[PDB]
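Okay, here's what each chain looks like letter by letter:
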Amino acid sequence: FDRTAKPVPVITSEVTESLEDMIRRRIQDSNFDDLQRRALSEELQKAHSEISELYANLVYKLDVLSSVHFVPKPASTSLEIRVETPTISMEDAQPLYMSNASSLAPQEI
Amino acid sequence: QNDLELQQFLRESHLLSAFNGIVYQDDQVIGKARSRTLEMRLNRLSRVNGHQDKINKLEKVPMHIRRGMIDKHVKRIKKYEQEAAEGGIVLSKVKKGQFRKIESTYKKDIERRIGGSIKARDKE
Amino acid sequence: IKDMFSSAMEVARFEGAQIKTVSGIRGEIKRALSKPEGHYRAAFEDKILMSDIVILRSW
Amino acid sequence: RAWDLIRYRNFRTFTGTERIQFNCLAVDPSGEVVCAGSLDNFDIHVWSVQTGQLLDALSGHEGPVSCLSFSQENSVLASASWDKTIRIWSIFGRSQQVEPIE
Amino acid sequence: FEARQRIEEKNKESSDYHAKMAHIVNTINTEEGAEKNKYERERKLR
Amino acid sequence: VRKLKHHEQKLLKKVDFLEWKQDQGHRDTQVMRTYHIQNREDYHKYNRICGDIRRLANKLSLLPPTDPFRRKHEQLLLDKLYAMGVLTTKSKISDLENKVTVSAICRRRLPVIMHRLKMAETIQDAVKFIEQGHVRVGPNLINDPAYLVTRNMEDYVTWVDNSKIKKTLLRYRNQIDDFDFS
Amino acid sequence: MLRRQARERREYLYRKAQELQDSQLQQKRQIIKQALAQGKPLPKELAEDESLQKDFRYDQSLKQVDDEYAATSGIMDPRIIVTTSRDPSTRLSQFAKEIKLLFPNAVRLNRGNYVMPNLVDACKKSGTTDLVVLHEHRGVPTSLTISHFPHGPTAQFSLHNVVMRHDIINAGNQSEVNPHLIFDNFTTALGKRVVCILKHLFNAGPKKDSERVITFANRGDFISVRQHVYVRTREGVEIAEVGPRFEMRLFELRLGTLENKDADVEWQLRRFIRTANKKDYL
């Protein structure tokens, strides 16, 4: 008679041996299927600058139109230079002050 | 003859000089040169298998201003070639009913509005 | 399924075989039931009826 | 982001991983941890202040976290959100305990 | 055991038969339709 | 205006007192009739922003096809407009010329969102309801029709509590609990 | 977040339907891309449509993990609940203990009086990612269902040759370090789908000297799962066997969570078709 599906395989010593030396080949070649943890030109530069200022103005009015529920800009690890100066001088124009330190730490000097 | 970059540079030498060392290779070609260069390449590729009544559609221009466009362009062409017709230089050779392609042809984008030749006279 | 076998040994001999009803509903015999002897449990393509006959084509 | 009011410098900036906009915050009394909640994310973002990393994302509200506050004495976090629920998080010391008050 | 053996031998037999029939079909196609088209080509000259 | 005879219609063909060429086929009127726009200048206030998007999209497609500035800003603008809801798919960049459209910005308005959420039977009913002050997004009551509802901000479009409309839908299914006022 | 998750799944399957609908433009844009690349003439259908080329000016700047797992693949570690069927036997509770020790970032939940709708709702608003529901037959565990929770897929498997670490001997304690993975001949697209499902419930990026490994080796639609520790000798690499071994067979894979069974089936085992036992990953 004909039969519908193949039966479940019996796990014997030969199939465990074949499977183990498969694992040994992979594990000595480090064949592991793991998950892996996640200037130019003058004309090109000024084309970039024009579409940059267009992009800036358009994003501003899209945010204001959207009633500022938006989704933020992705990420930017930028680079900031700060000179040393008194934090008196880093303040607003008024008669008083709030702190007379220097903007750089001792371990930054 | 089967160099592709060389022959593309050869037949797009005119509008690169109209809308510019110089750049010619794609990944360096800024705006209007890029749009017309890509459009010229797509026209030249599609003119083989596409139908001749469907590949080169003219922009719809009214009669009394398209005819004036053609008359002023032919006046420019006659003035240019008539200017140096007597000269011994290698003026390039055109066919019989076509318009001579000049610097105002490449800059004014005139062939989208007037075609390369009056196809009613070409048909007759 | 009631009577094509006389014993659970016979059904054990024939496990996994493909059967079908006369309606062409394909099926497979799965396991012999314990207390009624030649009775077994089969699984079909969908719900068969009480007016059907299953068939094990052998040679 | 964090601001030293001596040297007038933004010395720390904390972002998430999901690009959301933050609407309320709450700091530790013993200011190791800052905490912030959004109106489009349903999570609470828990950052260390000493290092800059994202220490945790507390989850369990089913509505936008409208308000956050740390208790000033026993340092338990209270968040409350538009799913009609105030929720009390014991963050510190092996608990990870959540008590929701409807 | 007889289940696994009978299933895999039937699969082998079917996969052999399909290869054999497809082989004889397209050998009759290729090396006789070339002659059909050759006769049509040398009949079009008349 | 009087159905000119044959010699008159032949003699003055370009005469038209209603449809002009500067009208652009009355499409401000057409889409403000479709989406029930109150004031006359909302079409053109949206048309300026569609022209901004398409001007930047032209000037950005005129960059070379492989540089990361063009690819980053095209993808970034595409993501922003999909998240806002004007664009319906962030896949292809020809949406930044073809599918960006005053009707798309108008479909994102509050009564149209309402009517698609089945919260009102027509856009004019939705206009009447949010003028009468039944609709809040989030906690705060929204009072004007022109309010643009982004994709994440349409999850919070509900009725105000103590609404008569909320009361009659709850009492239609007689799930009205008078403890919480509705 | 009920309405947000419903409309987010709605927008995702709208975008997926729009992709398969307008995926012809992707490949004919590819045709005119390579026609620009090597200067060969363009077909009549791609030659007479003027709108596609003036969209191609815009579209010339266009260009593994799949749509449910792609957003947070290596960014965020998983969070797995392991629960039994209902009123489980003690050997199923031992097996659920062993599966929660198999997967790191997995906890175990007592099952009794938990309806599957509000269980799924409690998980997918408490922030868990995967649910593993284990079914038994008089001790012997017979099925496991994996449901990925932000409206992801459920893969339902049967388990066949189950030998348990509680059943063998006091061989010691487990390791619980982030393991290495081995997937042997998952060759079809269903094979890659099942690989992505089975491996986005392990932590991303183990150590390079992480001394435990777990293998999913396909042998004719019977994924043998073993787990091994190793220590590399001077001549080979010595494998010791630790933790449970079984064979799982996928019989269903559908595209919603566990609660509905109104989700669209991506694949399910056609058992009674005429050519059933003739192909693998059928």
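- Method information in the entry identifies cryo-EM as the source of the structure, with 3.7 Å recorded as the resolution.

- The name recorded for chain G in the PDB entry is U3 small nucleolar ribonucleoprotein protein IMP4, from Saccharomyces cerevisiae.
- Word for word, the UniProt comment on chain G under Subunit is "Component of a heterotrimeric complex containing IMP3, IMP4 and MPP10. Interacts with MPP10. Component of the ribosomal small subunit (SSU) processome composed of at least 40 protein subunits and snoRNA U3."
- Quoted verbatim from the Subcellular location field of UniProt, the annotation for chain G is "Nucleus, Nucleolus".

- For chain E, the name recorded in the PDB entry is Nucleolar complex protein 14, with Saccharomyces cerevisiae as its organism.

## What to know about the overall build of chain E
Inference 1: When you go through chain E residue by residue, the secondary structure sums to one helix and zero strands.
Inference 2: Expressed along its principal axes, the backbone C-alpha trace of chain E runs to roughly 70 × 10 × 5 Å.
Inference 3: About 4300 Å² of surface is accessible on chain E, with carbon and sulfur atoms providing 55% of the total.

## Quick word on a nonpolar patch on the surface
Inference 1: A contiguous nonpolar patch, built from F:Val1, F:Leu4, F:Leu11, F:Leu12, F:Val15, F:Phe17 and F:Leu18 and spanning about 840 Å² of accessible area, is present on the exposed surface.
Inference 2: Its location among the elements puts F:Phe17 in the loop between α1 (6-11) and α2 (27-34).

## Quick notes on the packing of aromatic side chains
Aromatic ring pairs are defined here through the distance separating the ring centres and the angle between the ring planes.
Inference 1: Scanning all chains against the criterion turns up 13 aromatic pairs over all chains.
Inference 2: Ring plane angle 40° and centroid distance 5.1 Å describe the contact between C:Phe5 and C:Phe14, whose orientation is recorded as tilted.
Inference 3: By way of ring pairs, the aromatic residues A:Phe1, C:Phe5, C:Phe14 and C:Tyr40 are connected into one cluster.

## Section: the pattern of salt bridges
Inference 1: Within the structure shown, the criterion is met by 51 salt bridges over all chains.
Inference 2: Among the salt bridges present, the one from B:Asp26 reaches B:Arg41, with a minimum N-O distance of 3.6 Å. Remark: B:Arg41 occurs in helix α3 (residues 31-46) and B:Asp26 occurs in the loop between α2 (13-18) and α3; sequence separation between them is 15 residues.
Inference 3: Judged by its relative accessible area of 47%, B:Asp26 is partly exposed.
Inference 4: In this structure B:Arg41 comes out as buried when scored by relative accessible area, which is 14%.
Inference 5: Across the pair F:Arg151 and G:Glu11 runs a salt bridge whose closest N-O atoms are separated by 2.5 Å.

## A word on the interface of chain G and chain A
Inference 1: At the junction of the two partners, chain G supplies 39 residues and chain A supplies 26 residues.
Inference 2: Summing both partners gives a buried area of about 2900 Å² for chain G against chain A, and 57% of it is carried by carbon and sulfur.
Inference 3: Looking at the side of chain G facing chain A, the largest losses of area belong to G:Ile182, G:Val237 and G:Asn277, adding up to 17% of the total buried there.
Inference 4: In this structure, A:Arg26 and G:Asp184 form a salt bridge, with 3.7 Å as the shortest nitrogen-oxygen distance.

## Some details on the interface of chain C and chain G
Inference 1: Contacts between the two partners involve seven residues from chain C and, on the opposite side, four residues from chain G.
Inference 2: Summing the contributions of chain C and of chain G, the shared interface buries around 400 Å²; its carbon and sulfur component is 51%.
Inference 3: Of the charged contacts in the structure, one is a salt bridge between G:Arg271 and C:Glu28, with a shortest N-O distance of 3.1 Å.
Inference 4: At the junction of chain C with chain G, the criterion picks out two residue pairs in polar contact.
Inference 5: At the level of secondary structure, the elements contributing two or more residues to the side of chain C that touches chain G comprise β2 (26-32) and β3 (40-44) of chain C.
Inference 6: The dominant element in the side of chain C that touches chain G, judged by the number of residues it contributes, is β2(C), at four residues.
Inference 7: Of the residues assigned to the side of chain C that touches chain G, the class counts are two nonpolar, one polar and four charged.

Parameters and conventions
- Residues numbered from 1 in each chain as written, not as in the entry; some residues may be left out.
- Chains lettered and ligands numbered in written order.
- Part of a larger assembly, values for the part shown.
- Heavy atoms only, no water.
- UniProt positions renumbered as here; feature names shortened; annotations may be inferred.
- Helix = DSSP H or I, 4+ residues; strand = E, 2+ residues; numbered from the N terminus.
- Areas by Shrake-Rupley, 256 points an atom, 1.4 Å probe, with all protein chains shown as cover.
- Patch = residues over 30% accessible without salt bridge, like charges linked within 9 Å, V, L, I, M, F, W, Y side chains within 5 Å.
- Salt bridge = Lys/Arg side-chain N within 4 Å of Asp/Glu carboxyl O.
- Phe/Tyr/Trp six-rings, centres within 6.5 Å; stacked < 30°, edge-to-face > 60°.
- Buried < 20%, exposed > 50% of the residue type's maximum accessible area, 1.4 Å probe, protein only.
- Contact = heavy atoms within 4.5 Å.
- Buried area = accessible area lost by both parts, 1.4 Å probe.
- Polar contact = N/O pair within 3.5 Å; in protein donor to acceptor, adjacent residues only side chain to side chain.
- Nonpolar A, V, L, I, M, F, W, Y, C, P; charged D, E, K, R; others polar.

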